[PDB]
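Asks:
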Amino acid sequence: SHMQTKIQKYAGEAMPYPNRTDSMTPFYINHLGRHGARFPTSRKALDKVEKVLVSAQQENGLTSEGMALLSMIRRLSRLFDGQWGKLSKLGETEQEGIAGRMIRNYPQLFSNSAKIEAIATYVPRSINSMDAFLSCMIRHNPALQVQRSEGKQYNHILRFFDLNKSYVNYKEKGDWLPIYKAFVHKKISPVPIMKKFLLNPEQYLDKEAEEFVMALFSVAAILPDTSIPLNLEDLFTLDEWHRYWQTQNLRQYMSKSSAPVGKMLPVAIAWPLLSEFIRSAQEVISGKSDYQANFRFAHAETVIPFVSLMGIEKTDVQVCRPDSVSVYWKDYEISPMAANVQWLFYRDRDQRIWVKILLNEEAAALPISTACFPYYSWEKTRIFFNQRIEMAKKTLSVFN
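Quick note on numbering: the sequence shown equals residues 18 to 40, 48 to 424 in the entry's author numbering.
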């Protein structure tokens with residue numbers, strides 16, 4: 018159903034990884057993946073929802089459906105306790121699917137004693153995503169050679185968003201905040217939502233009504249990622265979900281991607297990862313390294329600026345009007361749960377090197393020419409990416 022699939026997309030970066038299907049041969053794959061589907065990282069939203077409803081209950085201020093909601097919210101509070109931030113069973117199955125399609129699409133690459141390496145951040149959901157992926161690989165071919173490592177040693181290339189002080193200050197106190205807050209006030213209409221659950225929803229101040237509805241949407245959007253057989257998605261109409269998604273999409277865009285208000289600083293910080301991607305591919309192309317694949321497991325905050333810095337079409341647009349962002353930049357197409365980028369390298373009969381870029385396993389476009397899309401000349405692509413890195417260094421230098 019097109020309605021339900023749109024509602025799923027409106028979970029934004031909480032969307033589960035989309036359904037994908039099986040199907048020359050590459051000689052190397054260069055990968056970055058976000059962890060799979062996870063529990064919420066913060067209790068603040070669930071606590072806010074429960075507090076509003078519990079106060080209403082003590083005032084006899086709940087509708088029938090509001091009583092049902094409170095009952096569910098109390099259950100979720102018990103089921104989320106001790107699980108915050110963790111990879112769910114669905115997250116593991118997402119990684120098994122990505123690895124499985126890779127192996128079945130390119131068996132010769134992972135055959136015999138092929139060598140692979142994987143790295144992850146220190147965050148457990150990313151480590152455990154890497155292990156779900158690797159375990160799938162090893163099950164299919166136990167004769168793989170596998171190097172596995174993880175931790176803060178990879179912060180410079182996988183968690184660069186924590187290391188640049190100017191970006192940390194922008195994320196925490198930058199000029200995107202008043203734009204976001206004004207957009208939330210314009211887009212979010214709380215009274216229709218709160219009328220479902222609360223008697224006298226008009227007595228609530230606009231600010232607290234806004235906060236409650238935002239928190240409730242947050243809970244409903246993450247529940248499909250938890251492997252728990254409960255659902256809040258139907259509480260809301262497609263238009264209500266669309267409005268919520270527009271606000272969070274704008275937040276993600278302005279805080280982490282190519283919005284003009286950010287001056288490309290949120291994108292420029294990713295250049296060390298793009299540099300390391302090029303270096304690992306060049307070492308394999310030359311024969312200095314003989315890995316068949318490099319895998320990397322990290323975060324949406326890794327994937328989003330990395331994709332923008334590559335210049336994948338529709339991901340580095342600099343949209344002048346905040347209200348227009350949702351038309352031109354869609355976070356659920358870039359960084360859903362288990363979001364991943366794969367560079368597939370090919371050698372043709374005349375030994376020329378070609379690269380295909382997959383974003384969530386679909387061919388991605390770059391703003392350079394090729395006569396055989398989706399395959400790009402590696403020489404042309406490397407030169408383009410190196411120009412992106414040089415641009416990124418300049419951007420960082422204009423902001424200390």
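Every residue, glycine too, gets a C-beta built ideally from N, C-alpha and C.
Can you tell me whether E325 is buried or exposed? The criterion is at least 16 other CB atoms within 10 Å of its CB, across all chains shown.
Replies: Counting Cβ neighbours within 10 Å, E325 comes out buried, since at least 16 surround it.
Asks: Scan the stretch 167-229 and note each continuous beta strand (DSSP E) run of 3 residues or more that stays entirely inside, going in chain order.
Replies: Runs found: 169-174.
Asks: Need the endpoints of the alpha helix (DSSP H) that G124 sits in, please.
Replies: Per DSSP, the continuous alpha helix (DSSP H) segment holding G124 begins and ends at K113 to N129.
Asks: Comparing alpha-carbon positions, which option in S282, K176, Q82 and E141 lies nearest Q169?
Replies: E141
Asks: Kindly confirm or deny that the stretch 333-340 and the stretch 407-418 touch, where touching means at least three C-beta pairs closer than 8 Å.
Replies: yes
Asks: Apart from the five residues just before and just after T250, which ones in its own chain have a Cβ nearer than 7 Å to its Cβ?
Replies: So the qualifying residues of the chain are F63 and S112.
Asks: Among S304, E403 and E89, whose alpha-carbon lies nearest the alpha-carbon of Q375?
Replies: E403
Asks: Using a Cβ-Cβ distance cut-off of 8 Å, determine whether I143 contacts chain B.
Replies: Annotation note: the requested chain B is absent from the structure, which comprises a single protein chain.
Asks: Report yes or no: do the stretch 270-283 and the stretch 95-105 share at least 3 C-beta pairs separated by less than 8 Å?
Replies: no
Asks: Which same chain residues end up closer than 7 Å to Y130 when comparing Cβ atoms and leaving out the 5 residues on each side of it in sequence?
Replies: Around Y130: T49 and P50.
Asks: In terms of residues, what are the limits of the beta strand (DSSP E) holding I413?
Replies: Annotation: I413 is outside any beta strand (DSSP E); the continuous alpha helix (DSSP H) that includes it extends over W402 to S421.
Asks: Count the C-beta pairs between the stretch 209-227 and the stretch 79-99 that are closer than 8 Å, then say yes if the count reaches three, no if not.
Replies: yes
Asks: What residue from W269, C160, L259 and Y399 has the CA that sits closest to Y204's CA?
Replies: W269
Asks: Any idea what DSSP makes of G311, helix, strand or coil?
Replies: DSSP places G311 in coil when its eight states are reduced to three.
Asks: For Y400, which residues of its own chain have a beta-carbon under 8 Å away from its beta-carbon, when the five flanking residues on both sides are left out?
Replies: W378, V379, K380, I381, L390, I392 and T394
Asks: Go ahead and pull the three-state DSSP assignment for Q366.
Replies: Of the three classes helix, strand and coil, the one that applies to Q366 here is strand, per DSSP.
Asks: Please look up how many angstroms separate the CB atoms of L114 and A61, rounded, as I've assumed it's under 8 Å.
Replies: 4 Å
Asks: Is the beta carbon of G57 closer than 8 Å to that of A388?
Replies: Contact: no.
Asks: What residue range does the beta strand (DSSP E) around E141 cover?
Replies: Here the beta strand (DSSP E) through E141 covers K139 to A144.
Asks: Where does the unbroken beta strand (DSSP E) through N318 begin, and where does it stop?
Replies: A317 to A322
Asks: Using CA atoms only, rank isn't needed, just tell me which of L77, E174, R412 and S137 is closest to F319.
Replies: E174
Asks: Residue range of the alpha helix (DSSP H) that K23 falls in?
Replies: Note, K23: alpha helix (DSSP H), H19 to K26.
Asks: Along the chain, where does the alpha helix (DSSP H) containing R163 start, and where does it finish?
Replies: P148 to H164 is the span of the alpha helix (DSSP H), which, as asked, contains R163.
Asks: Helix, strand or coil, according to DSSP, for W353 in the structure here?
Replies: coil
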